[PDB]
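Take a look at the structure set out below.
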Amino acid sequence: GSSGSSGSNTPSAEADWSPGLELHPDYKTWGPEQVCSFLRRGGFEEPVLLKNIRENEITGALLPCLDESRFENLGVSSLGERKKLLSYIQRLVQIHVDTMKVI
């Protein structure tokens, strides 16, 4: 077999910590805080979107509860955005509190 590969660029930071490690397993207690970060992981970085999260105390337990119309009121007034967000939150509940667990 073929083995061997040289070539590496210079790093930027060398520490034992990162701005993104993981989140709490109990999304039910994510509150308006974690939720404001969860969306950021999907690609959504809108201020109005994360703003409503604190204005409505939106929590992880409510994430899967909100629907298209809801998101449209939370600031996600976009046919494409919602279409993505809706499917996004789905990837959460489908994993969290699921009979099957995986790292």
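Just so we're on the same page: first chain in the structure tokens is A, next is B, and so on; residues restart at 1 for each chain, and ligands are numbered from 1 in the order they show up.
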For range 37-80 of chain A versus range 5-23 of chain A, which residues have an atom no more than 10 Å away, and what is each residue's nearest atom pair and distance in Å rounded to one decimal, using only C-alpha atoms, chain-then-number order, as a Markdown table?
| residue | atom | partner | partner_atom | distance |
| --- | --- | --- | --- | --- |
| A:37 | CA | A:23 | CA | 9.2 |
| A:38 | CA | A:23 | CA | 8.4 |
| A:41 | CA | A:20 | CA | 9.2 |
Those same residues - C-alpha atoms - I'd like them written as a compact mmCIF listing (two decimals), in the first residue's frame.
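File written: out-v2.txt
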# COMPACT_ATOMS: atom_id res chain seq x y z
CA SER A 37 -26.04 29.56 19.49
CA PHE A 38 -27.64 26.47 17.95
CA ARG A 41 -24.22 26.38 14.01
Which of chain A fall in alpha helix (DSSP H), as an MDAnalysis selection string:
chainID A and resid 31:42 47:55 68:73 79:93
Record the distance separating CA of residue 54 in chain A and CA of residue 103 in chain A, expressed in Å with one decimal.
29.5 Å
Nearest to residue 60 in chain A: which of A:72, A:46, A:33, A:81 is it, counting only C-alpha atoms?
A:33
Students should find that CA of residue 80 in chain A and CA of residue 25 in chain A are spaced 28.5 Å
Point-to-point distance in Å for CA of residue 67 in chain A and CA of residue 89 in chain A
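Answer for the CA of residue 89 in chain A to CA of residue 67 in chain A separation: 10.3 Å.
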Report as a PyMOL selection string all protein, DNA and RNA residues lying within 12 Å of residue 42 in chain A, evaluated on only C-alpha atoms, omitting residues in the same chain fewer than 2 positions from it.
chain A and resi 35-40+44-46+81+84-92
Saved selection, atoms kept: N, CA, C and O atoms, as a compact mmCIF listing (two decimals), in the first residue's frame:
# COMPACT_ATOMS: atom_id res chain seq x y z
N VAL A 35 -30.13 28.27 22.40
CA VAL A 35 -30.87 28.41 21.15
C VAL A 35 -30.24 29.46 20.25
O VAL A 35 -30.16 29.28 19.03
N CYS A 36 -29.79 30.55 20.85
CA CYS A 36 -29.16 31.64 20.10
C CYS A 36 -27.85 31.18 19.47
O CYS A 36 -27.36 31.79 18.52
N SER A 37 -27.29 30.10 20.00
CA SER A 37 -26.04 29.56 19.49
C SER A 37 -26.29 28.42 18.51
O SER A 37 -25.60 28.28 17.50
N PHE A 38 -27.29 27.60 18.81
CA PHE A 38 -27.64 26.47 17.95
C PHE A 38 -27.82 26.92 16.51
O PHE A 38 -27.19 26.38 15.60
N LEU A 39 -28.67 27.91 16.30
CA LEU A 39 -28.93 28.43 14.96
C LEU A 39 -27.63 28.87 14.29
O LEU A 39 -27.45 28.66 13.09
N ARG A 40 -26.74 29.47 15.07
CA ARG A 40 -25.46 29.94 14.55
C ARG A 40 -24.65 28.78 13.98
O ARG A 40 -23.80 28.97 13.12
N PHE A 44 -27.38 30.30 10.32
CA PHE A 44 -28.18 31.50 10.58
C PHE A 44 -27.47 32.42 11.57
O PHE A 44 -27.16 32.02 12.69
N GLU A 45 -27.21 33.65 11.14
CA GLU A 45 -26.54 34.63 11.99
C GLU A 45 -27.31 35.94 12.02
O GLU A 45 -26.74 37.00 12.28
N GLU A 46 -28.61 35.87 11.75
CA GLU A 46 -29.46 37.06 11.75
C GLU A 46 -29.71 37.55 13.17
O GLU A 46 -29.95 36.77 14.09
N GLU A 81 -35.08 30.59 3.98
CA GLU A 81 -34.59 30.50 5.35
C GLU A 81 -35.40 29.48 6.15
O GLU A 81 -34.86 28.49 6.65
N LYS A 84 -35.10 25.96 5.50
CA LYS A 84 -33.86 25.40 6.02
C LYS A 84 -33.92 25.23 7.53
O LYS A 84 -33.56 24.18 8.07
N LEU A 85 -34.39 26.27 8.22
CA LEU A 85 -34.51 26.23 9.67
C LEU A 85 -35.39 25.07 10.12
O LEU A 85 -35.02 24.30 11.01
N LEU A 86 -36.56 24.95 9.50
CA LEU A 86 -37.50 23.89 9.83
C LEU A 86 -36.81 22.52 9.79
O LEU A 86 -36.95 21.72 10.71
N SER A 87 -36.06 22.28 8.72
CA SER A 87 -35.36 21.01 8.56
C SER A 87 -34.15 20.94 9.50
O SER A 87 -33.71 19.85 9.87
N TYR A 88 -33.64 22.10 9.87
CA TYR A 88 -32.49 22.17 10.77
C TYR A 88 -32.84 21.65 12.16
O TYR A 88 -32.27 20.67 12.62
N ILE A 89 -33.79 22.31 12.81
CA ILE A 89 -34.22 21.91 14.14
C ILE A 89 -34.61 20.44 14.17
O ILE A 89 -34.51 19.78 15.21
N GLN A 90 -35.06 19.92 13.03
CA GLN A 90 -35.47 18.53 12.93
C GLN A 90 -34.28 17.60 13.17
O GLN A 90 -34.44 16.50 13.69
N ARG A 91 -33.09 18.05 12.78
CA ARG A 91 -31.88 17.26 12.95
C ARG A 91 -31.45 17.23 14.41
O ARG A 91 -30.53 16.50 14.79
N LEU A 92 -32.12 18.03 15.24
CA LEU A 92 -31.81 18.10 16.66
C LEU A 92 -32.62 17.07 17.44
O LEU A 92 -32.07 16.11 17.99
